[PDB]
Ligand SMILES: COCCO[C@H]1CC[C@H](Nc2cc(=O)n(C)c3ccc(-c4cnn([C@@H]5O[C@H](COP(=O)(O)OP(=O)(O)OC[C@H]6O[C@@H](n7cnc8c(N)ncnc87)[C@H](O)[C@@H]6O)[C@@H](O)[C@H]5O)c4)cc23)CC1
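Heads up, the chain below is alone and in the form solved without the named molecule; it's given as structure tokens.
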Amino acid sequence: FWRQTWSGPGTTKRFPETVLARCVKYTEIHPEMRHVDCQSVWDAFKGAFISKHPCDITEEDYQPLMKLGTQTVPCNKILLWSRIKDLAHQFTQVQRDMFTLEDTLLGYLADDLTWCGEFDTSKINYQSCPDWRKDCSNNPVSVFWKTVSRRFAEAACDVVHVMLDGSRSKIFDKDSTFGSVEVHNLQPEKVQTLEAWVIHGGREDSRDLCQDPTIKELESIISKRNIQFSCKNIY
């Protein structure tokens, strides 16, 4: 009758140190980001999520961080953020030729980390954080990715790509970052085509997943934005 915990992993151990070190490294390598004050970046990031219930985070909380992390991207070579992470697999040439969200400062900072705070202190919660499936799908991590990927989609032009997980119960899912935020922020003035690569999980070459009802739903959304749609099965 009284909630005792969140259901998800707590904040990654050493999170503050890790984010700061990543900021220092990225901004020493990238010739256009030398202006960045990594301490200010950390302060803005921490300020987004501390001293609040984790589920109460909103995109607006990340706006100070977004401002500090402003950065141009190569619009015509974007591979959007999706539930396919690792790289698909060993798509070596694709990785060479595509710009992914973790290739930006802000995506690089947060990649492969978990974080949250708590309502009653300004401390980082290392004990547990909301699980997307069990507690709340809009949490400090997922809302961070919604905020950054919104801007990323807005920047895209020409042919934009996304990799979809052909093994998911909803291959295109309106609740994912891609389905809730990115797809709706592709700009028809800039984007010619959205091409979805649907990654198969095996069973040789099974069904044509580009005919899946959820892909038809995606095709409809994109068509209504006056952008071309292309789907390919990647086996």
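Numbers for residues come from their place in the sequence shown, where the first is 1.
Here the subject shifts to the form solved in complex with the named molecule, a form of this protein not shown in this document.
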query	finding
Pocket accessibility after superposing the named molecule in the bound PDB entry (3+ atoms within 2.4 Å of backbone/C-beta)	blocked
All of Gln39, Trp42 and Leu105 within 4.5 Å of the named molecule in the bound PDB entry, heavy atom check	no
Contacting member of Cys210, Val181, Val191, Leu65, with respect to the named molecule in the bound PDB entry [4.5 Å, heavy atom]	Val181
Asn76 within 4.5 Å of the named molecule in the bound PDB entry, heavy atoms	no
Distance check, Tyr126 to the named molecule in the bound PDB entry, heavy atom within 4.5 Å	no
Non-hydrogen atom contact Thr27 with the named molecule in the bound PDB entry at 4.5 angstroms	no
Exercise: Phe91 in contact with the named molecule in the bound PDB entry, heavy atom 4.5 Å	no
Stretch 132 to 170: residues contacting the named molecule in the bound PDB entry, 4.5 Å heavy atom cut-off	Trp132, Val141, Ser142, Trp145, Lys146, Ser149, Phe152
